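Novice: experimental structure and sequence below.
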Amino acid sequence: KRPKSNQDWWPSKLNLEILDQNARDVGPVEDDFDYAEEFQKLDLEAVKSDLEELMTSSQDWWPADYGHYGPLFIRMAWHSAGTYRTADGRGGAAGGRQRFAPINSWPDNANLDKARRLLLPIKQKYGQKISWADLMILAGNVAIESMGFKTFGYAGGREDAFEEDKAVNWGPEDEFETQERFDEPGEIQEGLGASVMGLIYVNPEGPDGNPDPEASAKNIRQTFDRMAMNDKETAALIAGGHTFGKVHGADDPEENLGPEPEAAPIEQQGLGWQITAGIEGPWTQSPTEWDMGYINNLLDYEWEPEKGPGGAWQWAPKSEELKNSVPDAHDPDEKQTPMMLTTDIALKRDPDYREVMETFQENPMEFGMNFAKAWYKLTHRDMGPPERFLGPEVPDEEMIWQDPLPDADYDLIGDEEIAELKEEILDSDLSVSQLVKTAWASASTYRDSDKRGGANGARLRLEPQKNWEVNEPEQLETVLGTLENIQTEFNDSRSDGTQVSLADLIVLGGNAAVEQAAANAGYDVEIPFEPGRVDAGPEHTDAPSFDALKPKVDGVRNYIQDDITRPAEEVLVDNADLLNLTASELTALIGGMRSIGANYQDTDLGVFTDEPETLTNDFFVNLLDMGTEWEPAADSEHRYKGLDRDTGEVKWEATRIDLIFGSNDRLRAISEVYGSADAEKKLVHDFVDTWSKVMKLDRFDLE
Amino acid sequence: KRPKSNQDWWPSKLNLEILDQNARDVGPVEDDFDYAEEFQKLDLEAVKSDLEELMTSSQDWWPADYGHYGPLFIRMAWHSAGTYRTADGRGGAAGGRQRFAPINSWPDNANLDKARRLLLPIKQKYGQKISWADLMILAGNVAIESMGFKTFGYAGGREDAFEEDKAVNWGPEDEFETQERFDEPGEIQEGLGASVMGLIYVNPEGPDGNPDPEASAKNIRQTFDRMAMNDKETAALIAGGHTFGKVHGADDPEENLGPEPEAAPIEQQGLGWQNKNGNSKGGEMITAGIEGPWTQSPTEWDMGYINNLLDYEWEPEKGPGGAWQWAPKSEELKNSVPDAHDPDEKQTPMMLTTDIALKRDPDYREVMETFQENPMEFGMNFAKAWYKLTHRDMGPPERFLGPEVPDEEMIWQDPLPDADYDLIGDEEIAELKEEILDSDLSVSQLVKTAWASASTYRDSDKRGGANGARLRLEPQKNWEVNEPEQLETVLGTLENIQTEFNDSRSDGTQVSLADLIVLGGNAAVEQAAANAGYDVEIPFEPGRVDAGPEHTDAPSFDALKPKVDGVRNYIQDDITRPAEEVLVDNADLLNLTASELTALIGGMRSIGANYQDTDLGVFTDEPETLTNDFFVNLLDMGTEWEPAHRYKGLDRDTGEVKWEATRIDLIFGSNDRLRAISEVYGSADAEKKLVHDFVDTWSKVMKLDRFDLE
Ligand code: HEM
Ligand code: HEM
Ligand SMILES: O=C(NO)c1ccccc1O
Ligand SMILES: O=C(NO)c1ccccc1O
């Protein structure tokens, strides 16, 4: 018997369960587990040696193609990191969530359950010293290296998750291997980096199953772009990956494939699918060796469409010299002919991709360099700054996509200087509101999904953040200019090697403002402050890549972009999850911010108080007062007005962001707590703890 | 774009989320929040004073019928506690989950959103000193008391939840007011206290909407019984409750009813059912579909309902909407009742099929007759039933808080006698512990006995547990799963040890069989761990007493009889739900997280505490030793499993003979989340971790019913 909660009845229901995942770390590992220090005890070279042995250790329950598991593990690794989307930074190898449903049962992940199982003995051998996440990427690397290609490098540090990431919308499809997110090649549903559900990037047979290489290329380009890869990286990755292995399909899988892992019998112990997708054949003459075979086969010969016995589309070589030029995967006394997918032909038919592939063939070294770099990025893009990259194989070179941070070449401020700076900030002409908005704009770009954003680095002062509409550029410049004057003033007055960064000052200023707002309400609060943040420069900032962090809805500032799809409150919850907030923390934060008044354009939306810049629970008290009736504003699709029953007296204006806390059942229970006559101090303390939490999200230093 | 989980793709998936709920306590309230401690500060009478005032303080947005909210609050309280099922003890007002979906949106709870909103000002005034759950029940009490009827009392102590309970599978039907749980009135599905999902007990118009009083009575008796109420109680509650208020519905019972709370526009702020006849518009109020009061004085306590029911004849009728109701056949009642809003208008009393059932049914009739001839007996059984109804899931007397708690401890409360002696000290606990290990009892015996004792506890209605040692009493001493003959042997030895100890004290120190049972289990686990090379000191908290048959309602404890027990690998060969689904359900009653459950099962298998000493899931060569052998062997890819709820584990090579297990053991290597946990405990560096986790889980289960010291 399976219960039908309020998530299966009404679609327009907020999914607060995603925030509940932040209130607890499920799993048997101690809640204070420090994976980093455990990984440091790991003999990485010994793990690689075991993986090397495993590569050619064909098991009977699942014999290795060509006597080598390398290709299978590369696909495995690529699938693990392939779900990444720049829109929210979700997906990616980070937590090894591929091991859980629904991802572990997608059609495109067929038989990856076998690959992972082959690694079980190694995982058990090293235990907590190496995560599944790290181990899967490491297997990919060893496969590539064992087959003749030295990788760019490798870093451990990916902590294992013990449940699926519920906060991930994979698409509007109720079915797998089918799509309903695009009509024209190059216009898929915004955000998602895949053109088809259950699929990773695009349809292997071509757009909508049609063998149109040119149209496929447009989808490939758009989707890889949403996975943070450009033309050169994309071409290098596809060509590089398909230099190895083959496609599996001895007939039609739609009629020769078994129950996916999640639907398989208990006796199958987590394994399922016991022909993956009709298409059959290798790309090159030597599927287990790094060479120029893929590029040569594609460019040097003409290819044409062909429907296999399963009805699936693949491409065959017009030539006859390539006929039976490839040994069979399991039958020695047999041969096979190289094949190509519509997505491979796309790389030759598209003018831009063709130019890249021609240069690659012309300069084999350039192909290697691009594949190496792209493979390293693909598998480490969601690990955050260099500080999180661990182990002896971490490259000495830091890549710009890691959003690097410089070293603090000076002594850090102490308790005395911290109080001094705090005092001078509040004594300046900066208001509590300016300080809070600036600190929020600096810290709120952080996302726990791929660990990008955050106040460290003070990139708020650089492009593109300094000019984002939501940050109100003109007003932002005033606050940053003033804090920069304070920084100069402090640094020049130091008698020793002590200095303060602008990154720290912005956060210190926010803390001071919150402390001041609480003092105005009669509460004495001291927010813990941790110095050490540094200021990153433009040369170490990939401006365009930060566009992904630009918010469409910002609850704290009551900001809603003019053209959004889903309800404002849905985006708000999605955004709250990126900041690792629970439902109560999200509520305390919004409610308290409204009493302060930190709205974009300084509007009074949701500011249900007559004493601005005073941290109280007035937001809740007034929101819950039945003496007020709410109604949509005439000729306004964002604003709502609170009128006080039916007397008409217009008191208060608000958006859906504010009203959801009095409408959603669970949020209303939290609001009723904060809106009680004995909860003001409780709200103040919860608001401060949440503010402090957000300010320290990118401080992986202390862990 | 709603991110579907996995239930939409694989409906028969394990609902582990119910266990994740035990891993954390969502909500703003502090981690170490002690509601009991807060309620104790509350000025109860002051709250009752404000509620009494509220009863007649009509609010513009939802005026009180007859100028009194009393009836509405009684229904509200009735609905808060009416979802209780004895099968799992879930439901009931305990956590006030009525405020959350999907319950707050059941057609049955129409406009109860308005009732709760009316109490919001009072909730804000007293804050955490009184929970929504306690406040809703109190409002019901005050309503009854303010209308002329005195209650048996009231007790606080219901802590508020901040999310719905993902555990209660309210109904198999994927739609409201529809049922696939019964074809013939009286044979409703097993595990439900309602005849139709979305409903509390039965259909007001009769089974499947047919005005059949006889069949209706059969469903009423069955559903109420599943909610722990007998004929007398059932009739008292229905008659007592319908003595007040009226039904709402002068138009179509399915037309004016606006969107449910969960679907209402954001500006409505949680209030739904935009009915064209309930909020504000002087006149006819509507909720259900039938219209008209039961008595002529809807806001006064009297014999009106019973008198009006038995003294006159009633006939079925398709009112305004097709909804069945019963009207009098005499003109003596025509226009005899004042309108709910317009006193210048007259209204005629009506009856529901469920009301007539109390007349048409022979057993119920004898009750109603006795009631009419003995008002005192009617009001008395109503008071008792109302008290039990609203306090059924509160647990033992120790949890009943406040100045209005009846001095009388009810048998249904699973009473516990006080300790009339001094508690044993750290030195005696050591001597007794050693003496236990020096007897002829094995580790398996001591572990199985301690488990059978503490495993009856369920967090739902706070019933069961090791305290009281009811394992030695009926009916537990004879439950098949406890292996009576074998249990008796163990109880005999421990009792002798109890007799010798007590009769050797040079003061007033004594030990209970209950404490020795738990102490014996701790010693056995400690020994098993020692047999594995680990030194552990399981915390022990003396104080458990021995309850007698006088403190035990035997028939009621049968509800705690397990159909499946993972720890002992016991599976009743006649269950409908998969074994693993029941295992997770039971694990949730023990407040376990997925990891705690996994550690507990794995550890128990290494010790070998199976029912009938079978080798099911016992993947180890060193029985009575606490290791991670269960996981190491479970993850062995060299084994191929196949059906025998038994399965056979075969070695990949050749044919041969190997392991055997049940779905309970195999699910830990099949389900994705459980397998991930199993992989941790089955790793080379996790044996000690598993031992420590097992011990911590064992200790937790052993003290689940310890409220006596909170
Ligand atoms: C436009 C994007 C892509 C498409 C449509 C595509 C698709 C496909 C298909 C249909 C298969 C066969 C699955 C099977 O064995 O039955 C396969 C496999 C394979 N793929 Fe891709 N792929 C993409 C990109 C990539 C990239 C970026 C890499 C890694 C850098 C990679 C690496 C591999 C490897 C090594 C294999 C062969 C595995 C084996 O023999 O077992 N793929 N691909
Ligand atoms: C066989 C079980 C029962 C059935 C089918 C049923 C029936 C119904 C229906 C259809 C309504 C009208 C809802 C509306 O339009 O306002 C109502 C209300 C009412 N019920 Fe019951 N009921 C049962 C029992 C009980 C019990 C056990 C109690 C409490 C001791 C109770 C208490 C009340 C009160 C006080 C009202 C009137 C609410 C008012 O004026 O606002 N009920 N019931
Ligand atoms: O996209 C794939 N791999 O990258 C894929 C693999 C197997 C079957 C269908 C697919 O779409
Ligand atoms: O009990 C009820 N109201 O109090 C009730 C109301 C509607 C349908 C079924 C029911 O049991």
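Specialist: Thanks, I have it. Residues are numbered from 1 along each chain as shown, chains lettered A, B, ... in the order given. Ligands and ions are numbered 1, 2, ... in the order given.

Novice: contacts, neighbours, all on C-alpha from now
Specialist: Noted.

Novice: tell me the buried residues in stretch A:167-180?
Specialist: By neighbour count with 16 or more other C-alpha atoms under 10 Å in any protein chain shown, stretch A:167-180 contains the buried residues A:167, A:168, A:169, A:170, A:171, A:172, A:173, A:178, A:179, A:180.

Novice: surely residue A:593 and residue A:558 touch.
Specialist: No - judged on C-alpha atoms under 8 Å, residue A:593 makes no contact with residue A:558 at a distance of 9.8 Å.

Novice: more neighbours, these two?
Specialist: Each of residue A:593 and residue A:558 has its neighbours counted (other C-alpha atoms under 10 Å in any protein chain shown); residue A:593 has more, 31 against 26.

Novice: can you give me phi and psi for the more buried one?
Specialist: With angles defined as degrees, to the nearest 10, residue A:593 sits at phi -60, psi -40.

Novice: residues contacting the nearest residue to it once chain neighbours are set aside?
Specialist: Nearest non-adjacent residue to residue A:593, counting by C-alpha to C-alpha, 6 or more residues apart in numbering or on different chains: residue A:556, 6.2 Å away. The contact partners of residue A:556, by C-alpha atoms under 8 Å, 6 or more residues apart in numbering or on different chains, come to A:589, A:590, A:593, A:594, A:598, A:599.

Novice: quick one: which of these sit in helices?
Specialist: Counting by DSSP state H, the part of the contacts of residue A:556 found in helices is A:589, A:590, A:593, A:594.

Novice: just give me the closest of these to chain B.
Specialist: For the ones in helices among the contacts of residue A:556, the residue nearest chain B by C-alpha to the nearest C-alpha is residue A:589; the value is 11.9 Å.

Novice: I'd say residue A:51 and residue A:139 touch.
Specialist: Yes - if you go by C-alpha under 8 Å, residue A:51 and residue A:139 touch, sitting 6.4 Å apart.

Novice: what helix or strand is residue A:279 on?
Specialist: Counting by DSSP states H and E, there is no helix or strand that carries residue A:279.

Novice: residues touching it, list them.
Specialist: A:247, A:248, A:249, A:250, A:251, A:308, A:310, A:312, A:313, A:314 are the contacts of residue A:279 under C-alpha under 8 Å, 6+ apart.

Novice: near ligand 1 too, which of those residues?
Specialist: By C-alpha under 6 Å from any ligand atom, the members of the contacts of residue A:279 lying near ligand 1 are A:247, A:248.

Novice: scan the contacts of residue A:279 and report the most crowded one.
Specialist: Highest count within those by other C-alpha under 10 Å belongs to residue A:314, 26 neighbours.

Novice: how much space between it and residue B:45?
Specialist: 81 Å (C-alpha to C-alpha, to the nearest Å).

Novice: and residue A:551, how many residues sit next to it?
Specialist: For residue A:551, the neighbour count with other C-alpha under 10 Å is 21.

Novice: that should have said residue A:234, apologies.
Specialist: Residue A:234 has 23 neighbours, counted by other C-alpha under 10 Å.

Novice: same check on residue A:407?
Specialist: So residue A:407, with other C-alpha under 10 Å, has 11 neighbours.

Novice: enumerate every residue touching it.
Specialist: By C-alpha under 8 Å, 6+ apart, residue A:407 lies in contact with residue A:534.

Novice: out of residue A:51 and residue A:139, which sits in the busier spot?
Specialist: Neighbours of residue A:51 and residue A:139, each counted by other C-alpha under 10 Å, are more numerous for residue A:139; the result is 28 against 24.

Novice: wait, that one sits on residue A:75?
Specialist: No - Residue A:139 is beyond contact range of residue A:75, at 10.4 Å (criterion: C-alpha under 8 Å).

Novice: which of the helices or strands spans the residue in the stretch 501-650 of chain A that ligand 2 sits nearest to?
Specialist: Closest contact between the stretch 501-650 of chain A and ligand 2, by C-alpha to the nearest ligand atom, is at residue A:626 (20.7 Å). Using DSSP H and E, residue A:626 sits in no helix or strand.

Novice: may I have the secondary structure class of the residue nearest to the spatial centre of chain A?
Specialist: By C-alpha atoms, centre = their mean, chain A has its centre lying nearest to residue A:89, at 1.8 Å. Three-state call for residue A:89 (DSSP: H, G, I helix; E, B strand; the rest coil): coil.

Novice: for chain B, see how far away it is.
Specialist: Here residue A:89 is placed at a distance of 16 Å from chain B (C-alpha to the nearest C-alpha, to the nearest Å).

Novice: identify each buried residue in stretch A:9-23, please.
Specialist: For stretch A:9-23, by 16+ other C-alpha under 10 Å, it's A:14, A:15, A:16, A:17, A:18, A:19, A:20, A:21, A:22, A:23.

Novice: meant to ask about stretch A:134-153, not that
Specialist: Buried residues in stretch A:134-153, defined by neighbour count with 16+ other C-alpha under 10 Å: A:134-147, A:149, A:151-153.

Novice: just the residues you listed: which are in helices?
Specialist: With DSSP H as the criterion, helices contain A:134-146 from among the buried residues of stretch A:134-153.

Novice: now tabulate those residues in CSV and tack on distance to ligand 2.
Specialist: CSV is the format used below for those (distance: C-alpha to the nearest ligand atom, whole Å):
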residue, distance to ligand 2
A:134, 59
A:135, 60
A:136, 59
A:137, 61
A:138, 64
A:139, 63
A:140, 64
A:141, 67
A:142, 69
A:143, 68
A:144, 70
A:145, 72
A:146, 73
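
Novice: run a quick neighbour tally on residue A:519.
Specialist: Residue A:519: 14 neighbours (other C-alpha under 10 Å).

Novice: I meant residue A:413, not that one.
Specialist: Counted with other C-alpha under 10 Å, residues neighbouring residue A:413 total 18.

Novice: run a quick neighbour tally on residue A:184.
Specialist: Applying other C-alpha under 10 Å, we find 12 residues neighbouring residue A:184.

Novice: that older thread, out of the buried residues of stretch A:9-23, name the ones that lie in strands.
Specialist: Using DSSP state E to define strands, no part of the buried residues of stretch A:9-23 is located there.

Novice: need these in a markdown table with distance to ligand 4, can you?
Specialist: Converted to a markdown table, the buried residues of stretch A:9-23 look like this (distance: C-alpha to the nearest ligand atom, whole Å):
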| residue | distance to ligand 4 |
| --- | --- |
| A:14 | 28 |
| A:15 | 29 |
| A:16 | 30 |
| A:17 | 30 |
| A:18 | 34 |
| A:19 | 34 |
| A:20 | 33 |
| A:21 | 36 |
| A:22 | 38 |
| A:23 | 36 |
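
Novice: what is the nearest of those residues to ligand 1?
Specialist: Nearest to ligand 1, judged by C-alpha to the nearest ligand atom, of the buried residues of stretch A:9-23 is residue A:18 at 29.8 Å.

Novice: which residues are in contact with stretch A:580-587?
Specialist: A:16, A:19-23, A:448, A:576, A:661, A:667, A:670-671, A:686-687, A:690, B:26-28.

Novice: recalculate using a threshold of 6 Å.
Specialist: Residues from elsewhere that reach stretch A:580-587 (C-alpha atoms under 6 Å, 6 or more residues apart in numbering or on different chains): A:19, A:20, A:22, A:23, A:690, B:27, B:28.

Novice: how distant is that stretch from the center of its chain?
Specialist: Here the centre of stretch A:580-587 is set off from its chain's centre by 19 Å, with C-alpha atoms, centre = their mean, to the nearest Å.

Novice: looking at the buried residues of stretch A:9-23, which are in helices?
Specialist: Counted as lying in helices by DSSP H, out of these, are A:17, A:18, A:19, A:20.

Novice: give the contact list for the last one.
Specialist: With contacts taken as C-alpha under 6 Å, 6+ apart, residue A:20 has the following neighbours: residue A:582.
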